[PDB]
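Here's my sequence, what's the structure:
(chains A, B and C)
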Amino acid sequence: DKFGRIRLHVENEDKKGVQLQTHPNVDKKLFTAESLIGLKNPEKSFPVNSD
Amino acid sequence: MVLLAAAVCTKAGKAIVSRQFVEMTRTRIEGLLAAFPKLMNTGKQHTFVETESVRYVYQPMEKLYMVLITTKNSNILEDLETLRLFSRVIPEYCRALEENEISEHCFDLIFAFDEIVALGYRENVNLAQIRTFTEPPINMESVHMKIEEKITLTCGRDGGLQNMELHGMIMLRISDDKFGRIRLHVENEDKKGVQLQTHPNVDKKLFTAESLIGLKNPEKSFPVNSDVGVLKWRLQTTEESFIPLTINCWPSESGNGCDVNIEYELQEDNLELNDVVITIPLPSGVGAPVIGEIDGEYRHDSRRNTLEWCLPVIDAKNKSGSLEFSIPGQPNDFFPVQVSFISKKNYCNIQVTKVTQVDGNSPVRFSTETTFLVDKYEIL
Amino acid sequence: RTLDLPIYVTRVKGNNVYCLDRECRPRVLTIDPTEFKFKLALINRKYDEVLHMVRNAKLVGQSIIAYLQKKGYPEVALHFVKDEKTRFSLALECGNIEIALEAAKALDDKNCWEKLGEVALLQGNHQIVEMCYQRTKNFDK
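Numbering: from 1, shown residues only, chains lettered A, B, ... in the order given. And now the structure:
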């Protein structure tokens, strides 16, 4: 319910190849350590395509 | 620069030819020269006269002033001496001073000015040079070893090692009777950086396997600076040094605001560091922060534009904060975070494997202690 | 309003004012509800009315955005507080320096922290004084 802010934490990736796409409503956070992504999700199912 | 300009003037009310070493005094040159040199630089027939907070040194030649100007000064003799050498060079170009002939040899004079005084520092010139251009108690016997080290690190957000280097020495304080021979055994070191110093009375031993160092210690405390790596060296933290802390910074764009999470990691949980502080910088349009941390105290400081987290002692731990920002401009790149820390180990990984002493019975190695300190430790 | 010539007012009869100069070329000017409405409103302690009234034909610098920081029991002051200085001022005039410290911060200056800290000791509470006084570096005080 409501509009909740969500923060996603994932492992850090590297890629010899390339490609990454982010859904809108995806924000990037800069932290000294660790990386974080935050977003208000659309309700229902959507491709997160987080940061 | 100490010397603003070197200038030839006509007291017609203008700088006839003049030199701006680096772009500063363009039009400025003409107004100064035009007003002040007319009054004899406001002089009284004195080579130094200062007016409108600018030192003017001069010599009159006809209706013209050869002028040196400074507003700072390194030495008395020097200011005159560049002017003087200039005065040997100027009649070669213009047959005394005279506005029309000075005007015609703007190039000559100007070139000499660059050559004579370079970036305001008075070089020297000469008429020939100018040419090329225009061409008993042993019960007591005890020993103590103290390894003091500082480690430096530069690391990327990615965790790239970048450069690092450890600096340290191992001091020995020994109370031993007689003169006992001691052999020191330590781990083997490598260093991207370089530096090692050995105390005298240090001997190097060659063995088929393992390396050994032997020496008679001076009594009391002295820097061992043994052989091997040495007990006085700069080793590279890069070469096998452990960085007690790794900071993982995850900045996040909350949107208008920014959310920063800072991750701190320590070595083995058992070991605890002390005097740890993490300095996480913030952008200029600060608003106010709300910070939360499980351990220690954290405080935002304007002025510094940094958030500082302090932890008396840590097994290991982390902090988070949310920032509010007015958003002028566009996004700003982050500045690196720095940390200070103390650890009871050496992260040059110096280990004292064994120090055996001879000339007598077993001494007691009462204590070996390690003090590890942060040097410039920076991570983006 | 300004005209582009020097002039004499011919007189005021009606909303208009009429003018003629020495050579006697005319200028007329409708009396506006610009500057007039804004302060008619501020006098009758309306700030809600006054926000609309704020226009760029009458904004100036100190009749809207810093003239409204001129009450010793803040009223006008509460409304315009946008300048880090106006914010600082506002705080001593109430005697609550909680806002002061922030304005003092945003004024990027030590002097403000020690002076608001002293005002703080005056409202009675020394936690607030400590914080200020600590960062002005008056550890001995």
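
Need the distance between the two termini of stretch C:62-78.
From the first residue to the last, stretch C:62-78 extends over 15 Å; the measure is C-alpha to C-alpha, to the nearest Å.

The helix ranked longest in chain C near chain B at all?
Determined from DSSP state H, the single longest helix within chain C is helix C:110-123. No - Helix C:110-123 is not in contact with chain B by C-beta under 8 Å from any C-beta of the partner chain; minimum separation 8.8 Å. Just so you know, the C-beta spots here come from the backbone N, C-alpha and C atoms, and that holds for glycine as well.

What residues sit buried inside that helix?
Residues of helix C:110-123 classed as buried by neighbour count (16 or more other C-beta atoms under 10 Å in any protein chain shown): C:112, C:113, C:114, C:115, C:116, C:117, C:119, C:120, C:121.

which other helices and strands contact that helix?
Helices and strands touching helix C:110-123, by 3 or more C-beta pairs under 8 Å, 6 or more residues apart in numbering or on different chains; DSSP states H and E, are helix C:84-94, helix C:98-105, helix C:127-136.

Would you list the phi and psi of residue A:40?
phi -100, psi 130 (degrees, to the nearest 10).

Please report phi then psi for the residue of chain C most remote from its centre.
Residue distances from the centre of chain C (C-alpha atoms, centre = their mean) peak at residue C:23, which lies 41.4 Å from the mean C-alpha position. Main-chain dihedrals, residue C:23, degrees, to the nearest 10: phi -80, psi -20.

mind checking how far it is from residue C:9?
The span separating residue C:23 from residue C:9 equals 16 Å under the rule C-beta to C-beta, to the nearest Å.

do the same with residue C:76
Taking C-beta to C-beta as the measure, residue C:76 falls 32 Å from residue C:9.

cool, residue C:137 as well?
When residue C:137 is compared with residue C:9 (using C-beta to C-beta), they lie 60 Å apart.

same check, this time on residue C:72
Relative to residue C:9, residue C:72 is positioned 38 Å away (C-beta to C-beta).

Residue C:128 contacts residue C:98, correct?
Yes - with contacts counted by C-beta atoms under 8 Å, residue C:128 reaches residue C:98, the gap being 7.0 Å.

So for the two, which sits in the more crowded spot?
With other C-beta atoms under 10 Å in any protein chain shown as the criterion, residue C:128 and residue C:98 differ in neighbour count, and residue C:128 comes out ahead with 19 against 13.

what about the residue sitting nearest the centre point of chain C, which SS state?
Relative to the mean C-alpha position of chain C, the nearest C-alpha, by C-alpha atoms, centre = their mean, is the one of residue C:66, at 2.0 Å. Residue C:66 falls in the coil class when you classify it by DSSP: H, G, I helix; E, B strand; the rest coil.

so residue A:22 makes contact with residue A:39?
No - Residue A:22 lies out of contact with residue A:39 (C-beta under 8 Å); the separation is 9.1 Å.

between the two, who's got more neighbours?
For residue A:22 against residue A:39, the residue with the higher neighbour count under other C-beta under 10 Å is residue A:39, and the figures read 23 against 15.

circling back: show me which of residue C:76 and residue C:9 is the more surrounded one.
Legend: neighbour count by other C-beta under 10 Å for residue C:76 and residue C:9, higher for residue C:76 (16 against 11).

Got the phi and psi for that one?
Phi and psi for residue C:76, reported as degrees, to the nearest 10, are phi -70, psi -40.

quick one, what contacts the nearest residue to it once chain neighbours are set aside?
Nearest residue to residue C:76, sequence neighbours excluded (C-beta to C-beta, 6 or more residues apart in numbering or on different chains): residue C:68, at 4.2 Å. Going by C-beta atoms under 8 Å, 6 or more residues apart in numbering or on different chains, residue C:68 touches C:42, C:76, C:77, C:79, C:80.

What I need now is the residues you listed written out in TSV, including secondary structure for each item.
As requested, the contacts of residue C:68 are arranged in TSV below (three-state DSSP):
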residue	secondary structure
C:42	helix
C:76	helix
C:77	helix
C:79	helix
C:80	coil
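
now, among those residues, which is nearest to chain B?
Nearest to chain B among the contacts of residue C:68 is residue C:80, at 17.3 Å by C-beta to the nearest C-beta.

Can you get me a residue count around the closest one?
Residue C:80 has 21 neighbours, counted by other C-beta under 10 Å.

dump the residue contacts of it.
When the contact criterion is C-beta under 8 Å, 6+ apart, the partners of residue C:80 are C:64, C:65, C:66, C:68, C:69, C:86.

repeat that with 6 Å
The neighbourhood of residue C:80, defined by C-beta atoms under 6 Å, 6 or more residues apart in numbering or on different chains, consists of C:65, C:68, C:69.

Where do the strands of chain A begin and end?
Shown for chain A, the strands assigned by DSSP state E span residues A:5-8, A:27-29, A:36-40.

Relative to residue C:1, which of those is closest?
With C-beta to C-beta, the closest approach to residue C:1 among those belongs to strand A:27-29: 48.3 Å.

name the helices or strands packed onto the closest one?
Under the contact criterion of 3 or more C-beta pairs under 6 Å, 6 or more residues apart in numbering or on different chains; DSSP states H and E, strand A:27-29 touches strand A:36-40, strand B:246-253.

The shortest one near chain B anywhere?
Right, strand A:36-40. Yes - for strand A:36-40, a contact with chain B is found by C-beta under 6 Å from any C-beta of the partner chain, at A:36, A:38.

tell me the angle of that strand relative to strand B:318-323?
Here strand A:36-40 runs at an angle of 50 degrees relative to strand B:318-323 (axes from the mean of the first three to the mean of the last three C-alpha atoms, to 10 degrees).

List the buried residues in strand A:36-40.
Along strand A:36-40, these residues count as buried under the neighbour rule (16+ other C-beta under 10 Å): A:36, A:37, A:38, A:39.

count of neighbours near residue 15?
Using chain A here. Counted with other C-beta under 10 Å, residues neighbouring residue A:15 total 7.

try again with chain C
Other residues near residue C:15 number 9, with proximity taken as other C-beta under 10 Å.

residues in contact with it?
Under the criterion of C-beta under 6 Å, 6+ apart, the contact partners of residue C:15 comprise C:30, C:31.

Turn the contacts of residue C:80 into a markdown table, columns for distance to residue C:94.
Converted to a markdown table, the contacts of residue C:80 look like this (distance: C-beta to C-beta, whole Å):
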| residue | distance to residue C:94 |
| --- | --- |
| C:65 | 20 |
| C:68 | 15 |
| C:69 | 12 |
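
now, which of those sits nearest residue C:34?
Relative to residue C:34, and with distances defined as C-beta to C-beta, the nearest of the contacts of residue C:80 is residue C:65, at 15.7 Å.

List phi and psi for that closest one.
Backbone geometry at residue C:65, expressed as degrees, to the nearest 10, gives phi -100, psi 10.

give the contact list for it.
Residue C:65 sits next to residue C:80 when contact means C-beta under 6 Å, 6+ apart.

go again using 10 Å as the cut-off
Under the criterion of C-beta atoms under 10 Å, 6 or more residues apart in numbering or on different chains, the contact partners of residue C:65 comprise C:54, C:59, C:79, C:80, C:81, C:82, C:83, C:86.

so how far is residue C:127 from residue C:134?
If you go by C-beta to C-beta, the gap between residue C:134 and residue C:127 works out to 11 Å.

near chain B, which residues of chain C?
C:102, C:104, C:105, C:106, C:108, C:109, C:110, C:131, C:135 (C-beta under 10 Å from any C-beta of the partner chain).

Chain A against chain B: which residues are in contact?
Among all residues of chain A, those adjacent to chain B (criterion: C-beta under 10 Å from any C-beta) are A:5, A:7-9, A:12, A:14, A:25-40, A:51.

Just the buried ones out of these, please.
In the residues of chain A next to chain B, burial by neighbour count holds for A:7, A:26-39, A:51, counting by 16+ other C-beta under 10 Å.

which one of these is nearest residue C:46?
For these, the nearest to residue C:46 is residue A:27 (40.4 Å; C-beta to C-beta).
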